[PDB]
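Taken in order, these protein sequences are the chains called B and C.
Heads up: the first sequence is residues 826 to 827, 854 to 873, going by the authors' numbering.
Okay, so the second sequence: first residue is 533 according to the authors' numbering, each after it adds one.
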Amino acid sequence: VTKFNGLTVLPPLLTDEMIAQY
Amino acid sequence: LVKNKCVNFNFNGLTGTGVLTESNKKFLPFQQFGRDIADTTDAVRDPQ
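Structure below.
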């Protein structure tokens, strides 16, 4: 699987390591 | 010119806003200012 004009992205609450742990 | 600080910059008429950092990417000898896929300016060469 594969700058800012006002828009922004928010990080997920569960990061990828925590999702991997789950 | 002041870099690494959020300043109001204008080079020959680009008249944008942002903080300028030294860039690894290399231009072509004639090419002046770059751009991104979203048509937003991402790299500029100082005329001086």
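Ideal Cβ placement from N, Cα and C applies to all residues, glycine included.
Round the Cβ separation of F565 (chain C) and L546 (chain C) to the nearest angstrom and send it over; I've been treating them as touching at under 8 Å. 6 Å
Where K854 (chain B) and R567 (chain C) are concerned, what is the direct C-alpha to C-alpha distance, given to the nearest angstrom? 10 Å
Between C:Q580, C:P579, C:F543, which has its C-alpha nearest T573 (chain C)'s C-alpha? C:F543
Selected residue, minimal CA-CA separation from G550 (chain C), among C:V534, C:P579, C:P561: C:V534
Smallest Cα separation from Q563 (chain C): which of C:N556, C:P579, C:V539, C:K537? C:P579
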